[PDB]
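So this block is start-v1.csv, CSV, C-alpha atoms and all ligand atoms:
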```
chain,number,residue,atom,x,y,z
A,1,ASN,CA,39.9,22.6,17.2
A,2,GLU,CA,39.3,23.6,20.8
A,3,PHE,CA,35.8,24.9,20.2
A,4,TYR,CA,34.2,21.8,18.9
A,5,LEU,CA,34.4,19.5,22.0
A,6,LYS,CA,32.7,22.2,24.1
A,7,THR,CA,30.3,23.5,21.6
A,8,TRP,CA,29.3,19.8,21.6
A,9,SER,CA,29.1,19.5,25.4
A,10,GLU,CA,26.9,22.5,25.7
A,11,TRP,CA,24.8,21.2,22.7
A,12,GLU,CA,24.5,17.9,24.6
A,13,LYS,CA,23.2,19.8,27.7
A,14,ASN,CA,20.4,21.8,26.0
A,15,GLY,CA,18.1,19.2,24.4
A,16,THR,CA,14.9,17.4,25.3
A,17,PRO,CA,14.6,13.9,26.8
A,18,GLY,CA,13.7,12.1,23.6
A,19,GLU,CA,16.9,13.2,21.9
A,20,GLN,CA,19.8,10.8,22.2
A,21,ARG,CA,22.3,13.6,22.4
A,22,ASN,CA,24.8,11.5,24.4
A,23,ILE,CA,25.2,8.8,21.7
A,24,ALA,CA,25.5,11.6,19.3
A,25,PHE,CA,28.2,13.4,21.3
A,26,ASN,CA,30.2,10.2,21.5
A,27,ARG,CA,30.0,9.5,17.8
A,28,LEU,CA,30.9,13.1,17.1
A,29,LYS,CA,33.9,12.9,19.5
A,30,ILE,CA,35.2,9.6,18.1
A,31,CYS,CA,34.8,10.9,14.5
A,32,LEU,CA,36.9,14.1,15.3
A,33,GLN,CA,39.5,12.4,17.5
A,34,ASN,CA,40.2,9.8,14.8
A,35,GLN,CA,39.7,12.4,11.9
A,36,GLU,CA,37.2,10.0,10.3
A,37,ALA,CA,35.7,10.5,6.8
A,38,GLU,CA,32.1,9.5,7.8
A,39,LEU,CA,29.9,10.8,10.5
A,40,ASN,CA,26.8,8.7,11.2
A,41,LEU,CA,24.1,10.4,13.5
A,42,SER,CA,21.2,8.4,12.1
A,43,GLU,CA,18.2,7.3,14.1
A,44,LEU,CA,18.9,9.3,17.3
A,45,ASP,CA,15.7,11.5,17.3
A,46,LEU,CA,17.9,14.6,17.2
A,47,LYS,CA,16.1,17.9,16.9
A,48,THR,CA,19.1,20.0,16.0
A,49,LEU,CA,22.7,19.4,15.1
A,50,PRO,CA,25.7,21.5,16.3
A,51,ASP,CA,28.7,22.6,14.3
A,52,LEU,CA,30.0,19.6,12.3
A,53,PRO,CA,33.5,18.1,12.2
A,54,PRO,CA,35.1,19.9,9.3
A,55,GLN,CA,36.9,17.1,7.7
A,56,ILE,CA,34.0,14.6,6.9
A,57,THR,CA,33.2,13.6,3.4
A,58,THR,CA,30.0,11.7,4.2
A,59,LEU,CA,27.2,12.9,6.5
A,60,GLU,CA,24.5,10.4,7.2
A,61,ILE,CA,21.7,11.9,9.3
A,62,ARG,CA,18.5,10.3,8.1
A,63,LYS,CA,15.6,9.6,10.4
A,64,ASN,CA,15.9,12.5,12.9
A,65,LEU,CA,13.7,15.5,13.6
A,66,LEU,CA,15.7,18.2,12.0
A,67,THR,CA,14.0,21.2,10.6
A,68,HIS,CA,17.3,22.9,9.6
A,69,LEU,CA,21.0,21.9,9.2
A,70,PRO,CA,24.0,23.9,10.5
A,71,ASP,CA,26.5,25.0,7.9
A,72,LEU,CA,27.8,22.1,5.9
A,73,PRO,CA,31.6,21.4,6.0
A,74,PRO,CA,33.3,22.4,2.8
A,75,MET,CA,34.6,19.0,1.8
A,76,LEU,CA,31.4,16.9,2.0
A,77,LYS,CA,30.8,14.8,-1.1
A,78,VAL,CA,27.8,12.7,0.2
A,79,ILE,CA,24.9,13.7,2.5
A,80,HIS,CA,22.1,11.3,3.6
A,81,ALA,CA,19.3,13.3,5.2
A,82,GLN,CA,16.2,11.3,4.3
A,83,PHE,CA,13.2,11.2,6.7
A,84,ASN,CA,13.6,14.5,8.6
A,85,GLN,CA,11.6,17.7,8.7
A,86,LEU,CA,13.9,20.0,6.8
A,87,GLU,CA,12.2,23.1,5.6
A,88,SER,CA,15.3,24.3,3.7
A,89,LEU,CA,19.0,23.5,3.0
A,90,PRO,CA,22.1,25.6,3.7
A,91,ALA,CA,24.5,26.6,1.0
A,92,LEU,CA,25.7,23.4,-0.6
A,93,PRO,CA,29.5,22.8,-0.5
A,94,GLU,CA,31.3,22.9,-3.9
A,95,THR,CA,32.6,19.4,-3.2
A,96,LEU,CA,29.1,18.0,-3.1
A,97,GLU,CA,28.2,15.1,-5.4
A,98,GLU,CA,25.2,13.4,-3.8
A,99,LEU,CA,22.2,15.1,-2.0
A,100,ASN,CA,19.6,12.7,-0.6
A,101,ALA,CA,16.8,14.6,1.2
A,102,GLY,CA,13.8,12.4,0.4
A,103,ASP,CA,10.9,12.6,2.8
A,104,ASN,CA,11.4,16.1,4.1
A,105,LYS,CA,9.4,19.4,3.8
A,106,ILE,CA,11.6,21.5,1.6
A,107,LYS,CA,9.9,24.3,-0.4
A,108,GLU,CA,12.9,25.4,-2.5
A,109,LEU,CA,16.4,24.2,-3.0
A,110,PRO,CA,19.6,26.2,-2.9
A,111,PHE,CA,22.0,26.5,-5.8
A,112,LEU,CA,23.1,23.2,-7.1
A,113,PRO,CA,27.0,22.9,-7.1
A,114,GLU,CA,28.8,22.2,-10.2
A,115,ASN,CA,30.0,18.6,-9.3
A,116,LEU,CA,26.6,17.3,-8.3
A,117,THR,CA,25.8,13.9,-9.8
A,118,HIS,CA,22.9,12.6,-7.7
A,119,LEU,CA,19.9,14.7,-6.5
A,120,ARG,CA,17.2,12.8,-4.6
A,121,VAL,CA,14.5,14.9,-3.2
A,122,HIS,CA,11.3,12.8,-3.4
A,123,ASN,CA,8.4,13.6,-1.0
A,124,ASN,CA,9.1,17.3,-0.5
A,125,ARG,CA,7.2,20.4,-1.3
A,126,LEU,CA,9.3,21.8,-4.1
A,127,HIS,CA,7.4,23.9,-6.6
A,128,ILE,CA,10.4,24.8,-8.8
A,129,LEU,CA,14.0,23.6,-9.3
A,130,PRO,CA,17.2,25.5,-9.7
A,131,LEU,CA,19.1,25.1,-13.0
A,132,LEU,CA,20.3,21.5,-13.2
A,133,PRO,CA,24.1,21.3,-13.2
A,134,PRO,CA,26.0,19.7,-16.1
A,135,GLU,CA,27.4,16.7,-14.3
A,136,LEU,CA,24.1,15.5,-13.0
A,137,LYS,CA,23.4,11.7,-13.6
A,138,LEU,CA,20.3,11.1,-11.4
A,139,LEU,CA,17.3,13.3,-10.6
A,140,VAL,CA,14.5,12.0,-8.3
A,141,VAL,CA,11.8,14.6,-7.5
A,142,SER,CA,8.6,12.5,-7.6
A,143,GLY,CA,5.8,13.5,-5.2
A,144,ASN,CA,6.5,17.2,-5.1
A,145,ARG,CA,4.3,20.0,-6.6
A,146,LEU,CA,6.4,21.0,-9.6
A,147,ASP,CA,4.7,23.0,-12.2
A,148,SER,CA,7.7,22.9,-14.6
A,149,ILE,CA,11.2,21.4,-15.0
A,150,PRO,CA,14.4,23.1,-16.2
A,151,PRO,CA,16.4,22.0,-19.3
A,152,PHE,CA,18.3,18.6,-18.6
A,153,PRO,CA,22.1,18.3,-18.8
A,154,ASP,CA,23.5,15.8,-21.3
A,155,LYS,CA,24.7,13.1,-18.9
A,156,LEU,CA,21.4,12.6,-17.1
A,157,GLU,CA,20.6,8.9,-17.1
A,158,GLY,CA,17.8,8.6,-14.6
A,159,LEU,CA,14.8,10.9,-14.2
A,160,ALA,CA,11.9,10.3,-11.9
A,161,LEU,CA,9.1,12.8,-11.6
A,162,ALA,CA,5.9,10.8,-10.8
A,163,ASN,CA,3.1,12.7,-9.1
A,164,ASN,CA,3.9,16.2,-10.0
A,165,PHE,CA,2.0,18.8,-12.0
A,166,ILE,CA,4.4,19.1,-14.9
A,167,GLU,CA,2.7,20.4,-18.0
A,168,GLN,CA,5.5,20.5,-20.7
A,169,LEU,CA,8.6,18.2,-20.9
A,170,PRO,CA,11.9,19.6,-22.1
A,171,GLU,CA,13.8,17.7,-24.8
A,172,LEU,CA,15.4,14.5,-23.5
A,173,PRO,CA,19.1,14.0,-23.8
A,174,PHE,CA,20.5,10.8,-25.3
A,175,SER,CA,22.1,9.9,-22.0
A,176,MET,CA,18.6,9.1,-20.7
A,177,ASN,CA,18.0,5.5,-19.8
A,178,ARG,CA,15.0,5.6,-17.4
A,179,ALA,CA,12.3,8.2,-17.2
A,180,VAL,CA,9.4,7.9,-14.8
A,181,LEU,CA,6.7,10.5,-15.7
A,182,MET,CA,3.5,9.1,-14.4
A,183,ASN,CA,0.7,11.2,-13.0
A,184,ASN,CA,1.6,14.6,-14.4
A,185,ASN,CA,-0.2,17.0,-16.6
A,186,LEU,CA,1.6,16.2,-19.8
A,187,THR,CA,-0.5,16.5,-23.0
A,188,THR,CA,2.3,15.9,-25.5
A,189,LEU,CA,5.8,14.4,-25.6
A,190,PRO,CA,8.9,16.0,-27.1
A,191,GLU,CA,10.0,14.3,-30.3
A,192,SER,CA,13.4,13.7,-28.7
A,193,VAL,CA,11.7,10.9,-26.7
A,194,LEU,CA,11.8,8.7,-29.9
A,195,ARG,CA,15.6,9.2,-30.3
A,196,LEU,CA,16.6,7.5,-27.0
A,197,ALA,CA,18.3,4.1,-26.9
A,198,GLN,CA,16.4,0.8,-27.5
A,199,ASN,CA,17.2,-0.4,-23.9
A,200,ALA,CA,15.9,2.9,-22.5
A,201,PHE,CA,12.5,2.9,-20.6
A,202,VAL,CA,9.9,5.7,-20.5
A,203,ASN,CA,6.7,5.7,-18.4
A,204,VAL,CA,4.0,8.3,-19.1
A,205,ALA,CA,1.0,6.5,-17.6
A,206,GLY,CA,-1.6,8.7,-15.9
A,207,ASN,CA,-0.9,11.8,-18.1
A,208,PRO,CA,-3.7,13.5,-20.2
A,209,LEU,CA,-1.9,12.8,-23.5
A,210,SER,CA,-3.7,14.1,-26.5
A,211,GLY,CA,-5.4,11.8,-29.0
A,212,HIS,CA,-3.0,12.8,-31.7
A,213,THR,CA,-0.1,12.0,-29.3
A,214,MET,CA,-1.5,8.6,-28.5
A,215,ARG,CA,-2.2,7.7,-32.1
A,216,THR,CA,1.3,8.8,-33.1
A,217,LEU,CA,2.8,6.7,-30.3
A,218,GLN,CA,0.9,3.5,-31.1
A,219,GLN,CA,1.7,4.0,-34.8
A,220,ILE,CA,5.4,4.1,-34.0
A,221,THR,CA,6.0,1.9,-31.1
A,222,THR,CA,4.2,-1.0,-32.8
A,223,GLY,CA,5.8,-0.3,-36.2
A,224,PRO,CA,7.8,-3.1,-37.8
A,225,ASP,CA,11.3,-2.0,-37.2
A,226,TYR,CA,10.8,0.2,-34.2
A,227,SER,CA,14.1,0.7,-32.4
A,228,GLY,CA,13.2,3.4,-29.9
A,229,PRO,CA,12.7,2.9,-26.1
A,230,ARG,CA,9.9,1.0,-24.5
A,231,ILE,CA,7.2,3.6,-23.9
A,232,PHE,CA,4.4,2.8,-21.4
A,233,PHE,CA,1.3,5.0,-21.9
A,234,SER,CA,-2.2,3.9,-20.8
A,235,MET,CA,-5.6,4.4,-22.5
B,1,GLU,CA,27.3,-6.2,-0.4
B,2,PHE,CA,25.7,-2.8,-0.7
B,3,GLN,CA,22.8,-1.8,-3.1
B,4,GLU,CA,21.2,1.7,-3.4
B,5,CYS,CA,17.5,2.3,-2.9
B,6,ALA,CA,15.9,3.3,-6.2
B,7,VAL,CA,13.8,6.1,-4.6
B,8,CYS,CA,15.7,7.5,-1.6
B,9,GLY,CA,19.2,6.6,-2.5
B,10,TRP,CA,20.2,4.7,0.7
B,11,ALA,CA,22.5,1.7,0.6
B,12,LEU,CA,21.7,-1.6,2.4
B,13,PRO,CA,22.9,-5.1,1.9
B,14,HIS,CA,20.8,-6.7,-1.0
B,15,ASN,CA,19.7,-9.3,1.5
B,16,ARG,CA,18.1,-6.5,3.5
B,17,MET,CA,16.6,-4.6,0.5
B,18,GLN,CA,13.2,-5.4,-1.1
B,19,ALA,CA,12.7,-6.2,-4.7
B,20,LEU,CA,9.4,-6.3,-6.6
B,21,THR,CA,8.7,-9.0,-9.1
B,22,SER,CA,7.6,-7.8,-12.5
B,23,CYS,CA,10.2,-5.0,-12.1
B,24,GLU,CA,13.9,-4.7,-11.5
B,25,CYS,CA,14.1,-1.8,-9.0
B,26,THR,CA,15.4,-2.3,-5.5
B,27,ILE,CA,13.7,-0.3,-2.7
B,28,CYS,CA,14.7,0.3,0.9
B,29,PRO,CA,12.3,-1.2,3.4
B,30,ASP,CA,11.4,2.3,4.6
B,31,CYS,CA,10.4,3.7,1.2
B,32,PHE,CA,8.6,0.4,0.5
B,33,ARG,CA,6.6,0.7,3.6
B,34,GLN,CA,5.8,4.3,3.4
B,35,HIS,CA,4.8,4.3,-0.3
B,36,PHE,CA,2.5,1.2,0.1
B,37,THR,CA,1.0,2.4,3.4
B,38,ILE,CA,0.2,5.8,1.9
B,39,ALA,CA,-1.2,4.3,-1.3
B,40,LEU,CA,-3.4,1.9,0.8
B,41,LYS,CA,-4.8,4.6,3.1
B,42,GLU,CA,-5.1,7.7,0.9
B,43,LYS,CA,-5.1,6.4,-2.7
B,44,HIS,CA,-6.5,3.4,-4.6
B,45,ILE,CA,-5.0,0.0,-5.1
B,46,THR,CA,-4.1,0.6,-8.8
B,47,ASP,CA,-1.8,3.4,-7.5
B,48,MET,CA,0.1,0.5,-5.6
B,49,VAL,CA,2.7,0.1,-8.4
B,50,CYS,CA,6.4,0.3,-8.0
B,51,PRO,CA,7.5,3.7,-6.6
B,52,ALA,CA,10.7,3.6,-8.6
B,53,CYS,CA,9.5,2.7,-12.2
B,54,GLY,CA,5.7,2.8,-12.3
B,55,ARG,CA,5.3,-0.8,-13.4
B,56,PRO,CA,3.4,-3.3,-13.8
B,57,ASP,CA,0.8,-1.9,-16.1
B,58,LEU,CA,-2.4,-2.1,-14.0
B,59,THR,CA,-5.9,-1.5,-15.3
B,60,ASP,CA,-5.1,-4.6,-17.3
B,61,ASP,CA,-7.0,-7.3,-15.4
B,62,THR,CA,-4.9,-10.4,-16.4
B,63,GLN,CA,-2.0,-9.2,-14.2
B,64,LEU,CA,-4.0,-7.8,-11.2
B,65,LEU,CA,-4.7,-10.9,-9.1
B,66,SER,CA,-1.2,-12.3,-9.8
B,67,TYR,CA,0.6,-9.1,-8.9
B,68,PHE,CA,-1.1,-8.8,-5.6
B,69,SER,CA,-0.7,-12.5,-4.7
B,70,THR,CA,3.1,-12.2,-5.2
B,71,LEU,CA,3.5,-8.8,-3.4
B,72,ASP,CA,1.4,-10.1,-0.4
B,73,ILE,CA,4.2,-12.0,1.3
B,74,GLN,CA,6.5,-9.0,1.5
B,75,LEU,CA,3.5,-6.8,2.5
B,76,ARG,CA,2.8,-9.2,5.3
B,77,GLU,CA,6.3,-9.0,6.7
B,78,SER,CA,6.7,-5.2,5.8
B,79,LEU,CA,3.5,-3.5,6.8
B,80,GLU,CA,2.1,-2.7,10.2
B,81,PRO,CA,-0.9,-5.0,10.9
B,82,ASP,CA,-3.6,-2.4,10.5
B,83,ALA,CA,-2.3,-1.6,7.0
B,84,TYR,CA,-1.9,-5.2,6.1
B,85,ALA,CA,-5.5,-6.0,7.0
B,86,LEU,CA,-6.6,-2.9,5.2
B,87,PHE,CA,-4.8,-4.1,2.1
B,88,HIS,CA,-6.7,-7.3,2.2
B,89,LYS,CA,-9.9,-5.4,2.8
B,90,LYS,CA,-9.2,-3.0,-0.1
B,91,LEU,CA,-8.6,-6.2,-2.2
B,92,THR,CA,-11.8,-8.0,-1.9
B,93,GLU,CA,-13.5,-4.7,-2.7
A,301,ZN,ZN,14.6,4.4,0.2
A,302,ZN,ZN,10.4,-0.9,-10.5
```

Represent the supplied structure as C-alpha cells.
Amino acid sequence: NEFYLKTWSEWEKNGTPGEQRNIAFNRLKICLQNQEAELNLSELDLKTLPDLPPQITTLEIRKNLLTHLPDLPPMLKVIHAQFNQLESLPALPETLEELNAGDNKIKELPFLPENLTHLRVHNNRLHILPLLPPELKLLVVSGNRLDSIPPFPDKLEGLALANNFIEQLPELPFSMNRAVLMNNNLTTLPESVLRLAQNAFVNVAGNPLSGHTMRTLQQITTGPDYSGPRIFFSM
Amino acid sequence: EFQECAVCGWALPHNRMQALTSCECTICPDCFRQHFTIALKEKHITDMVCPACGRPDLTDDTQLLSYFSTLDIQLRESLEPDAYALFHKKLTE
C-alpha cells in the first residue's frame, strides 16, 4: 500500500492554484489510514484524481472539474459524480449498484454491470444506451439526445426521459410506477401503457401523439371504470 | 434525515431539500437552480414545470398565476438576482 501515499504526494504537487489538492490529499490519507468505506472529494475544484483507495464502497466526487476518472476500485457500490465535465466513464466495477453522473458531457456509457439498480445520467450528451441490466430499478436520462431506448428490465419502477428525441417507446413492464416522457417525438404509445397499476403515473405531454392515439386515450382514461394509470397528455 | 434528489440522486436532509407544491418530488437545491435558471434564460415559462415529474399541467390558465405565486418564494431564495428579476420580467410578459 506503499505506492498510494506518494502517488498522492506527487499528485498534490502537479496541479493548478485553483485546485484544493491539499484538502483532497488529507481526505484521501485519512480515508486510507482508517480503511474507511466512503471517500468524499466533493467541491474541491479538482481537475484530475489520482489512483483511488482500493477498499471504498462509496465515491462522492460531485462538483469538480474532472473530464475523466481513474480506474474505479473493484468494490464500489455507489458513485456520486454529478456536476463535472466527464466526457466518458471507465469500466464499471461489477459491484456497482448506483451511478450518478448527472450534469456532465458523456457521449456514450460503458457496459452496465449486472447489479446496477440506479442509473442517473441527466444532462449529458448520450445518443444511445447500452442494454439495460436486469436489476435496474431507476433510469434517469432526461435532457440528452437519445434517438431510441433499449428494452426495459422487469423491475424498473422509475423512468425519466424528458427532452430527448425518442420516436418509439418499448413495451412497459408492470414494475413501472412513474414514467416521465415529455418533449420527445412519440407519435403512439405501446398498449402495455394501459396495463400499469392504478397508482402509476405517466406523462407524455409535449409529444406529437397522433389523433387516433389521443382519441383512444381520452376514450379510455375517462371511461367509467378506468383502472389504469393517470396519463397526462396535452392537446 | 436524508432524502434523495429526484433528478440527480443526491441525498440531503429534507430540511435542506426543495419541494414543489402541486407535485411530490424532492429536488436538490442545485438541480432546482440550474433547471429553472436554464428554463428562464433559454426556454419559455411554460417549460418551467417540475424537472422530476413534468407537472402541473400548464397551458391551462386557471393554474398559471397560482403556480408562479407559490413557486416565487423559493425562486427568490434560490436564484441568483439577475435570474430572479428576469423571472419577474418574463412573467408580466
Ligand atoms: Zn439534484
Ligand atoms: Zn414533481

Taking only C-alpha atoms into account, report as number ranges by chain which residues of chain A lie within 12 Å of chain B. A: 60-63, 78-83, 98-104, 118-124, 138-143, 158-163, 177-183, 201-206, 231-235

Deliver the residues from the most recent selection as a file, using C-alpha atoms, as a tab-separated table (two decimals), in the frame of the given file.
```tsv
chain	number	residue	atom	x	y	z
A	60	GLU	CA	24.50	10.40	7.20
A	61	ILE	CA	21.70	11.90	9.30
A	62	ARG	CA	18.50	10.30	8.10
A	63	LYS	CA	15.60	9.60	10.40
A	78	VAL	CA	27.80	12.70	0.20
A	79	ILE	CA	24.90	13.70	2.50
A	80	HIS	CA	22.10	11.30	3.60
A	81	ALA	CA	19.30	13.30	5.20
A	82	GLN	CA	16.20	11.30	4.30
A	83	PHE	CA	13.20	11.20	6.70
A	98	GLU	CA	25.20	13.40	-3.80
A	99	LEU	CA	22.20	15.10	-2.00
A	100	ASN	CA	19.60	12.70	-0.60
A	101	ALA	CA	16.80	14.60	1.20
A	102	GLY	CA	13.80	12.40	0.40
A	103	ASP	CA	10.90	12.60	2.80
A	104	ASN	CA	11.40	16.10	4.10
A	118	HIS	CA	22.90	12.60	-7.70
A	119	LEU	CA	19.90	14.70	-6.50
A	120	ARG	CA	17.20	12.80	-4.60
A	121	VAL	CA	14.50	14.90	-3.20
A	122	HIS	CA	11.30	12.80	-3.40
A	123	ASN	CA	8.40	13.60	-1.00
A	124	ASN	CA	9.10	17.30	-0.50
A	138	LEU	CA	20.30	11.10	-11.40
A	139	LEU	CA	17.30	13.30	-10.60
A	140	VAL	CA	14.50	12.00	-8.30
A	141	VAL	CA	11.80	14.60	-7.50
A	142	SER	CA	8.60	12.50	-7.60
A	143	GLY	CA	5.80	13.50	-5.20
A	158	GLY	CA	17.80	8.60	-14.60
A	159	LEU	CA	14.80	10.90	-14.20
A	160	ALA	CA	11.90	10.30	-11.90
A	161	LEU	CA	9.10	12.80	-11.60
A	162	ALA	CA	5.90	10.80	-10.80
A	163	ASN	CA	3.10	12.70	-9.10
A	177	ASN	CA	18.00	5.50	-19.80
A	178	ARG	CA	15.00	5.60	-17.40
A	179	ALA	CA	12.30	8.20	-17.20
A	180	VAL	CA	9.40	7.90	-14.80
A	181	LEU	CA	6.70	10.50	-15.70
A	182	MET	CA	3.50	9.10	-14.40
A	183	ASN	CA	0.70	11.20	-13.00
A	201	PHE	CA	12.50	2.90	-20.60
A	202	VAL	CA	9.90	5.70	-20.50
A	203	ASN	CA	6.70	5.70	-18.40
A	204	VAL	CA	4.00	8.30	-19.10
A	205	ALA	CA	1.00	6.50	-17.60
A	206	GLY	CA	-1.60	8.70	-15.90
A	231	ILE	CA	7.20	3.60	-23.90
A	232	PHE	CA	4.40	2.80	-21.40
A	233	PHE	CA	1.30	5.00	-21.90
A	234	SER	CA	-2.20	3.90	-20.80
A	235	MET	CA	-5.60	4.40	-22.50
```

Counting all atoms listed in the file, what is within 12 Å of range 190-200 of chain A, bar same-chain residues fewer than 6 positions away, as a VMD selection string? chain A and resid 157 to 159 167 to 180 209 213 216 to 217 220 to 221 225 to 232

So the first atom is CA of residue 42 in chain A and the second is CA of residue 3 in chain B; what is the distance between them in Å, to one decimal place? 18.4 Å

Quote the spacing between CA of residue 65 in chain B and CA of residue 92 in chain B in Å to one decimal place.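 Answer for the CA of residue 65 in chain B to CA of residue 92 in chain B separation: 10.5 Å.
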
Quick one: pull the distance between CA of residue 48 in chain A and CA of residue 12 in chain A, Å, one decimal.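 For CA of residue 48 in chain A relative to CA of residue 12 in chain A, the distance reads 10.4 Å.
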
Given the point (21.5, 13.8, 26.5) in the coordinates of this file, which residues lie within 12 Å, counting only C-alpha atoms, and how would they look as an MDAnalysis selection string? chainID A and resid 8:26 44:47

Tell me which protein, DNA and RNA residues are within 7 Å of residue 125 in chain A, counting only C-alpha atoms, leaving out same-chain ones fewer than 3 positions away, and put them as number ranges by chain. A: 105-107, 144-145

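Minimum atom-to-atom distances from B:43, B:89, B:76, B:16 to ligand ZN 301 (chain A) were compared using only C-alpha atoms and all ligand atoms, and the lowest value belongs to B:16.
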
Taking into account all atoms listed in the file, which residue in the set B:37, B:78, B:62, B:26 is nearest to ligand ZN 301 (chain A)? B:26

At the level of N, CA and C atoms, write range 196-219 of chain A to a file as a PDB file, in the first residue's frame, please.
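And here's result-v3.pdb as it stands now:
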```pdb
ATOM      1  N   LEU A 196     -50.492  -0.847 -16.707  1.00  0.00           N
ATOM      2  CA  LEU A 196     -49.830  -0.485 -15.457  1.00  0.00           C
ATOM      3  C   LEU A 196     -50.854  -0.282 -14.327  1.00  0.00           C
ATOM      4  N   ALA A 197     -50.329  -0.249 -13.095  1.00  0.00           N
ATOM      5  CA  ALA A 197     -51.106  -0.102 -11.862  1.00  0.00           C
ATOM      6  C   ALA A 197     -51.833   1.242 -11.793  1.00  0.00           C
ATOM      7  N   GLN A 198     -52.998   1.235 -11.135  1.00  0.00           N
ATOM      8  CA  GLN A 198     -53.791   2.448 -10.923  1.00  0.00           C
ATOM      9  C   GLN A 198     -53.014   3.595 -10.264  1.00  0.00           C
ATOM     10  N   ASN A 199     -52.096   3.278  -9.339  1.00  0.00           N
ATOM     11  CA  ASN A 199     -51.315   4.310  -8.662  1.00  0.00           C
ATOM     12  C   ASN A 199     -50.164   4.819  -9.529  1.00  0.00           C
ATOM     13  N   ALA A 200     -49.904   4.187 -10.662  1.00  0.00           N
ATOM     14  CA  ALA A 200     -48.808   4.586 -11.507  1.00  0.00           C
ATOM     15  C   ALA A 200     -49.151   5.915 -12.194  1.00  0.00           C
ATOM     16  N   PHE A 201     -48.116   6.617 -12.644  1.00  0.00           N
ATOM     17  CA  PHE A 201     -48.200   7.939 -13.268  1.00  0.00           C
ATOM     18  C   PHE A 201     -47.433   7.964 -14.589  1.00  0.00           C
ATOM     19  N   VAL A 202     -48.018   8.521 -15.637  1.00  0.00           N
ATOM     20  CA  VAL A 202     -47.349   8.590 -16.938  1.00  0.00           C
ATOM     21  C   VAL A 202     -47.535   9.965 -17.539  1.00  0.00           C
ATOM     22  N   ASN A 203     -46.442  10.629 -17.914  1.00  0.00           N
ATOM     23  CA  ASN A 203     -46.506  11.953 -18.540  1.00  0.00           C
ATOM     24  C   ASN A 203     -45.997  11.955 -19.976  1.00  0.00           C
ATOM     25  N   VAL A 204     -46.878  12.201 -20.931  1.00  0.00           N
ATOM     26  CA  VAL A 204     -46.473  12.224 -22.328  1.00  0.00           C
ATOM     27  C   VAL A 204     -46.691  13.604 -22.963  1.00  0.00           C
ATOM     28  N   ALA A 205     -46.801  14.656 -22.146  1.00  0.00           N
ATOM     29  CA  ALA A 205     -47.030  15.996 -22.684  1.00  0.00           C
ATOM     30  C   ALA A 205     -45.896  16.414 -23.621  1.00  0.00           C
ATOM     31  N   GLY A 206     -46.209  17.257 -24.591  1.00  0.00           N
ATOM     32  CA  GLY A 206     -45.162  17.732 -25.466  1.00  0.00           C
ATOM     33  C   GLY A 206     -44.623  16.742 -26.467  1.00  0.00           C
ATOM     34  N   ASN A 207     -45.349  15.649 -26.744  1.00  0.00           N
ATOM     35  CA  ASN A 207     -45.138  14.655 -27.806  1.00  0.00           C
ATOM     36  C   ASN A 207     -46.137  14.796 -28.952  1.00  0.00           C
ATOM     37  N   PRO A 208     -45.712  14.555 -30.189  1.00  0.00           N
ATOM     38  CA  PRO A 208     -46.645  14.664 -31.335  1.00  0.00           C
ATOM     39  C   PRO A 208     -47.511  13.414 -31.476  1.00  0.00           C
ATOM     40  N   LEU A 209     -48.304  13.127 -30.448  1.00  0.00           N
ATOM     41  CA  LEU A 209     -49.185  11.954 -30.466  1.00  0.00           C
ATOM     42  C   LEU A 209     -50.239  12.058 -31.567  1.00  0.00           C
ATOM     43  N   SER A 210     -50.438  10.954 -32.293  1.00  0.00           N
ATOM     44  CA  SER A 210     -51.398  11.018 -33.389  1.00  0.00           C
ATOM     45  C   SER A 210     -52.827  11.247 -32.876  1.00  0.00           C
ATOM     46  N   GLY A 211     -53.676  11.737 -33.782  1.00  0.00           N
ATOM     47  CA  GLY A 211     -55.088  11.939 -33.449  1.00  0.00           C
ATOM     48  C   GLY A 211     -55.779  10.668 -33.005  1.00  0.00           C
ATOM     49  N   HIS A 212     -55.497   9.563 -33.694  1.00  0.00           N
ATOM     50  CA  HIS A 212     -56.111   8.314 -33.291  1.00  0.00           C
ATOM     51  C   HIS A 212     -55.608   7.906 -31.900  1.00  0.00           C
ATOM     52  N   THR A 213     -54.331   8.181 -31.600  1.00  0.00           N
ATOM     53  CA  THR A 213     -53.813   7.925 -30.247  1.00  0.00           C
ATOM     54  C   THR A 213     -54.545   8.761 -29.177  1.00  0.00           C
ATOM     55  N   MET A 214     -54.653  10.081 -29.387  1.00  0.00           N
ATOM     56  CA  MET A 214     -55.350  10.955 -28.436  1.00  0.00           C
ATOM     57  C   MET A 214     -56.814  10.578 -28.268  1.00  0.00           C
ATOM     58  N   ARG A 215     -57.506  10.253 -29.357  1.00  0.00           N
ATOM     59  CA  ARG A 215     -58.893   9.870 -29.188  1.00  0.00           C
ATOM     60  C   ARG A 215     -58.983   8.581 -28.380  1.00  0.00           C
ATOM     61  N   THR A 216     -58.157   7.608 -28.718  1.00  0.00           N
ATOM     62  CA  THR A 216     -58.130   6.386 -27.937  1.00  0.00           C
ATOM     63  C   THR A 216     -57.912   6.691 -26.453  1.00  0.00           C
ATOM     64  N   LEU A 217     -56.938   7.549 -26.143  1.00  0.00           N
ATOM     65  CA  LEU A 217     -56.666   7.766 -24.729  1.00  0.00           C
ATOM     66  C   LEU A 217     -57.820   8.481 -24.059  1.00  0.00           C
ATOM     67  N   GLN A 218     -58.392   9.521 -24.683  1.00  0.00           N
ATOM     68  CA  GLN A 218     -59.452  10.202 -23.944  1.00  0.00           C
ATOM     69  C   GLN A 218     -60.669   9.281 -23.758  1.00  0.00           C
ATOM     70  N   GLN A 219     -60.922   8.418 -24.758  1.00  0.00           N
ATOM     71  CA  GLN A 219     -61.950   7.403 -24.644  1.00  0.00           C
ATOM     72  C   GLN A 219     -61.769   6.489 -23.449  1.00  0.00           C
TER      73      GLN A 219
END
```
